[PDB]
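Next comes just one chain, in C-alpha cells: the form deposited without the ligand.
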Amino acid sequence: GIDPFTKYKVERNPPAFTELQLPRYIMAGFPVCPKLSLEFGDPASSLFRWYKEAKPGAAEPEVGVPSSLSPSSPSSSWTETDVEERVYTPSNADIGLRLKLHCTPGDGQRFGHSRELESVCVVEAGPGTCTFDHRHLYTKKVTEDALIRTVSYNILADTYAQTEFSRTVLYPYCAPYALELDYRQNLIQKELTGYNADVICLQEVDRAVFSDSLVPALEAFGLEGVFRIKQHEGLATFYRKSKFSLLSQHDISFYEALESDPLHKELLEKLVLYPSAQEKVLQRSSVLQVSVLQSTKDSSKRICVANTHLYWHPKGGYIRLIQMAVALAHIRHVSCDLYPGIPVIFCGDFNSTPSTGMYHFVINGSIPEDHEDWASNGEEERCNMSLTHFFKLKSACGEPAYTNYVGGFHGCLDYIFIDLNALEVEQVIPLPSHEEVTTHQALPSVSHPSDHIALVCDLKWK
C-alpha cells in the first residue's frame, strides 16, 4: 500500500537486485553460482530459495509473455528444495530438470522486493572425473591465519579457444563440447572454489568471464577480485576477504613504463643502443597487475601480489627478459619504496621454461651480456646487455615437468615466485599425474578446463 509518511521523510534506497542471472550451463556435482548485482544490500544478508522442476519437461514456458530475467512457467510445475544457500549443487537425481531461484535482497537491517528466475537449461551429467578432484583432497579447508594459500592459473581465453581452427588444429583431441566456454567455466568454478584459496592470480581471463563467471563464483566463497585488460583478455587477482583487504594497486603496462617512467631510465638507455629490439619491445601490450594486500588478522602484515602474462612468441626470449626487468624494478619500487620492504608473491604465465635467460635472471638476480637469449630472434634484433635485480626469488611449486600440455607442445611456463627471505612453502598441492594429463591425449579435456595446469601452494611467513 501507500506509505503515508513519504511527505515527511527522505527515504532509503531499499536493498534491490540490479543483476540476476543463472548460468547457461548446469551439471550434476558442479556449483550453480548465480550472478547477483546487489544495490544497497549484500548477498550475505539476502535470502535464497532454490526450486527444481517437478519432473523433466513439467515446467512449460509461457509463450510470448515477457519476463526481463528468464522464461516464465506455472508455479505448480516446481518443487521446493532443501537449499536456502546462494549456491546450489545439483545431484544426479536432478538430471533432466530446470532450476528456479527465488531471492530476496537484504542489507542486514531490512529486505527489499524479491525476484525470481528460471534456468534456460536442464541439469546435465557431469564428467566422471576431473584432474582437480584428487587435488581438492589437500584443500578441504580454508587455511589458518599463519598461511596464505596461493593459486596461479592461465585459464585459456575463449577468445583464443572458441574457434573452429583452434578446435581442429590446436586441440583436435579434445571433445568439442569440452572446449565450449560454458563447460570450461563450470569446471573452473568448481576447481577454484574447491581450492579454498586466499590469493588467486589468473591469466587469459576474458572480460565477460571475469564479470559473469569468476566474480559470482568466487564472491560466493568469500573472495573479491580485480581485473586488468591486456587487449582481447587479461589478468585477474582475487583475495579472501576474511584474511585480506585490498590496500593499493600499482598496475603497469611494460611498454608504457619502460618509455615514460624514469624508474626504468637505465634499462631504457641500454635498449636505445639497439633500435630494432627496442621497437619490438615497445610494440608489446603485456601488462603487470600489482595489488598490495593488508592482513585482516595482523595489522603489521602486508603482502605485494604481482600477476602477469608475458609475451608469448617462442623467439621472444629477449623481450621476456626486458619485460621481467621492468616488472622486477617496478615491484621493487612498490614493495621497498612505497612500502618499507614487504614480502612479494609474483604469479604468472611467464612463457619461459627453466632453461631460459629470463628464468636464469629471476633465480640468480643477474644475467650476463653474453647470454644466448639476447639474440633469441636473430642478429638484427640482438640486444646484449647485463641486468641485475634486487630480489632473492624461488619458484614455490618448483619446476614441474610441465604446466602447459597441448598436442604440439609442453613445458613449464607458469610460476609462483616468492621472496625466499620473507616467505616459505608449507605445502605444494600435487599436479595431476602424467597418466591423468594424457588420458585424452592432452589438454584441455573433458576432465581438465585449460591447456595449463593450476599451481596451488600454501605459503607461510618466515
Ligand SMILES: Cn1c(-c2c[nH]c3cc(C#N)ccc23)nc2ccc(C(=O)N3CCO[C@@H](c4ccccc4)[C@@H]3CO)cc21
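Take the two forms, find the largest set of C-alpha atoms that superpose within 1.5 Å, and that set is the rigid core. Numbers follow the displayed sequence, beginning with 1.
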Exercise. Looking at the entry, does 271 to 279 or 115 to 123 show the higher mean C-alpha B-factor?
Worked result: 271 to 279
Seminar exercise, completed: When mean C-alpha B-factors in the record are compared for 2 to 10 and 452 to 460, the larger belongs to 2 to 10
Exercise. Which listed residue, 144, 82, 219, 94, has the largest C-alpha temperature factor in the record?
Worked result: 82
Exercise. Checking the entry, which one of 76, 291, 253, 152 has the top C-alpha B factor?
Worked result: 76
For this session: Select lowest, middle or highest to describe the third in which the CA B-factor of residue 257 falls within its chain in this entry.
Result: middle
Exercise. Taking the C-alpha B-factors as the PDB entry records them, is residue 421 in the lowest, middle or highest third of its chain?
Worked result: highest
Seminar exercise, completed: Binned into thirds over the chain's modelled residues, the C-alpha B-factor of residue 348 lands in the lowest
Problem set entry | Position of residue 196 among the chain's modelled residues by C-alpha B-factor, lowest, middle or highest third | lowest
Exercise. Would the CA B-factor of residue 266 place it in the lowest, middle or highest third of its chain?
Worked result: highest
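Below, we turn to the form solved in complex with the ligand, even though it does not appear here.
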Exercise. Is there any non-hydrogen atom of residue 213 lying within 4.5 Å of the ligand in the bound PDB entry?
Worked result: no
For this session: May I ask you to state whether residue 356 is within 4.5 Å of the ligand in the bound PDB entry, using heavy atom distances?
Result: yes
Problem set entry | in the bound PDB entry, residue 48 touching the ligand (heavy atom, 4.5 Å) | no
For this session: Although the ligand is absent from this view, report whether residue 165 comes within 4.5 Å of it in the bound PDB entry, heavy atoms only.
Result: yes
Problem set entry | Segment assignment from 285 to 293, 76 to 84, 134 to 142, 345 to 353: heavy atom within 4.5 Å of the ligand in the bound PDB entry | 345 to 353
Exercise. Among 390, 111, 160, 173, which has any heavy atom within 4.5 Å of the ligand in the bound PDB entry?
Worked result: 160
For this session: Note which of 128, 340, 275, 314 lies within 4.5 Å of the ligand in the bound PDB entry, where distance is taken over heavy atoms; exactly one does.
Result: 314
Exercise. Quick one: which residues from 409 to 440 get a non-hydrogen atom within 4.5 Å of the ligand in the bound PDB entry?
Worked result: 409, 413
Problem set entry | C-alpha displacement of 2 Å or more between this form and the one not shown on the rigid core, among 283, 245, 75, 388 | 75
Exercise. Any CA movement of 2 Å or more for residue 435 between this form and the one not shown, core superposed?
Worked result: no
Exercise. Rigid core fitted, then: does residue 408 show a CA shift of 2 angstroms or greater between this form and the one not shown?
Worked result: no
Exercise. Do you see a C-alpha shift of 2 Å or more at residue 61 between this form and the one not shown, with the core held fixed?
Worked result: yes
Exercise. Is the CA-CA spacing of residue 165 and residue 284 tighter or wider in the bound PDB entry than here, given a 3 Å or more change?
Worked result: closer
